[PDB]
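Below is one structure, written out as structure tokens; the observations come after it.
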Amino acid sequence: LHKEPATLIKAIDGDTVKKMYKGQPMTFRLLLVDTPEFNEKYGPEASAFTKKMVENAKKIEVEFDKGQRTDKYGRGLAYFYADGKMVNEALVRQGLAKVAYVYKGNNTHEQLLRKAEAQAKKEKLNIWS
Ligand SMILES: Cc1cn([C@H]2C[C@H](OP(=O)(O)O)[C@@H](COP(=O)(O)O)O2)c(=O)[nH]c1=O
Ligand SMILES: [Ca+2]
């Protein structure tokens, strides 16, 4: 996979952001994760984590996987990086997202995320408390 520059417009919640992509404003959904909704326990924390991580970064990048780039709802599907650090992985490592929605063909970073999840579970951190 390769990274490319991202033009973010705003973070929406823990696992969705609004991005201009090829000149179209789109919602993008983070691959391989599930954060709580904004009004569920740890929802506000997951939203604030993703929001600060993308806003404080000098450089945001997006990385598509090998399979579909859009979901059935018209959302973009990608991994995001903020100054080189994967947002998808950071959320899982902090126990603010579960590994989820693992589809064959868009699963390149599955093992990396399951490693993070296991560390968060061992630490009984946030969602795993
Ligand atoms: C992460 C992801 C979600 N989705 C779909 C599955 C769920 O659809 P259904 O609602 O039809 O079950 C929905 C979950 O998104 P949210 O977690 O944002 O609600 O988005 C994909 O199709 N591909 C993906 O890679
Ligand atoms: Ca969610």
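Values below: every heavy atom of this structure, side chains too, minus hydrogens, waters and symmetry copies. Along the sequence shown, residues carry numbers from 1. Both ligands and their constituent atoms are indexed starting at 1 by order of listing.
- Counting only heavy atoms from C-beta outward, the side chains of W128 and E117 approach each other to under 4.5 Å.
- Atom OD1 is the N/O/S atom of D34 found closest to the Ca ion (ligand 2).
- The nearest protein atom to atom 23 (N) of ligand 1, hydrogens excluded, is given as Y103 CE1, 3.6 Å; this is a heavy-atom distance.
- Checking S129 against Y42 by side-chain atom types alone, a donor-acceptor pair falls below 3.5 Å.
- Protein heavy atom nearest atom 7 (C) of ligand 1, with residue, atom name and distance: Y101 CE2, 3.8 Å.
- A donor-acceptor contact closer than 3.5 angstrom is absent between the side chains of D34 and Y101.
- Heavy atoms of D34 found under 4.0 angstrom from ligand 1 belong exclusively to the side chain.
- Looking at atom 20 (O) of ligand 1, its nearest protein heavy atom turns out to be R75 NH2, 2.9 Å.
- With 3.0 Å as the limit, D13 does not count as an N, O or S neighbour of the Ca ion (ligand 2).
- Contact of the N88 side chain with the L31 side chain is registered, since non-hydrogen atoms from C-beta on lie closer than 4.5 Å.
- The protein atom (non-hydrogen) at minimum distance from atom 17 (O) of ligand 1 is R29 NH2, 2.8 Å.
- Between the side chains of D13 and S47, no donor-acceptor pair is found at a separation under 3.5 Å.
- By the 6.0 Å and 45° rule, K18 does not stack over the aromatic ring of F28.
- Residue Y73 places at least one N or O, backbone or side chain, under 3.5 Å from an N or O of ligand 1.
- Interface atoms of ligand 1 facing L31, defined by a heavy-atom separation under 4.0 Å, are 25 (O).
- Below 3.5 Å of separation, one finds no N or O of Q68 facing any N or O of ligand 1.
- Distances below 4.0 Å separate heavy atoms of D71 from the following atoms of ligand 1: 21 (C), 22 (O).
- Residue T16: no N/O/S atom is found under 3.0 Å from the Ca ion (ligand 2).
- Taking the N/O/S atoms of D15 in turn, the shortest distance to the Ca ion (ligand 2) belongs to OD2.
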